[PDB]
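Data first, discussion second: the structure below is written as structure tokens.
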Amino acid sequence: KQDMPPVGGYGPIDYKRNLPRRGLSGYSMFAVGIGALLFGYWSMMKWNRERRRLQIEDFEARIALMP
Amino acid sequence: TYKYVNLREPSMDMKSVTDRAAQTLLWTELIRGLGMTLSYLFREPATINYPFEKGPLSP
């Protein structure tokens with residue numbers, strides 16, 4: 001008279017299938033990308049242009065000597 | 001009875017193609033897919049330390 005099945009206490013667990021979490025898609029991407037990339041080239045032309053100014057100063061000390 | 005799996009056409013409109021062309025080109029899969037599901041290393045490893053610890057059995 002000592003046998004298994006309980007009178008109660010059950011679930012069940014699902015048979016389902018779901019993890020579609022979105023996700024920042026669909027014109028949200030391709031907009032943060034271009035907005036990041038244009039910040040890069042804007043951070044250029046303030047350094048590459050400025051290094052071009054110090055470049056001429058480096059040639060300047062050459063030319064003021066050599067006679 | 002039945003069940004049909006992988007029997008569905010794409011939507012094929014203007015909206016959801018950009019949802020799929022963000023996938024192939026800028027990888028919204030394959031990082032959200034398996035740069036996160038793997039790590040997930042932060043669980044405790046389950047190794048029986050054999051010369052000292054031993055495993056369960058039954059009478």
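If you're wondering about the labels, chains in the structure tokens are A, B, ... by order shown, residues count from 1 in each chain, ligands from 1 in order shown.
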Interface residues on chain B facing chain A, 9 Å, only C-alpha atoms, written as a list in words: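 So the contacting residues turn out to be residues 15, 16, 17, 18, 19, 20, 22, 26 and 28 of chain B.
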Atoms kept (C-alpha atoms) for selection, written as a PDB file, in the first residue's frame:
```pdb
ATOM      1  CA  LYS B  15       9.347  47.743 -43.511  1.00  0.00           C
ATOM      2  CA  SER B  16      10.524  44.278 -42.592  1.00  0.00           C
ATOM      3  CA  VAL B  17      13.218  44.044 -45.271  1.00  0.00           C
ATOM      4  CA  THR B  18      15.202  46.690 -43.379  1.00  0.00           C
ATOM      5  CA  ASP B  19      14.632  44.482 -40.344  1.00  0.00           C
ATOM      6  CA  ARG B  20      16.323  41.658 -42.265  1.00  0.00           C
ATOM      7  CA  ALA B  22      20.036  45.049 -40.607  1.00  0.00           C
ATOM      8  CA  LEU B  26      25.318  44.821 -39.330  1.00  0.00           C
ATOM      9  CA  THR B  28      21.998  41.986 -35.040  1.00  0.00           C
TER      10      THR B  28
END
```
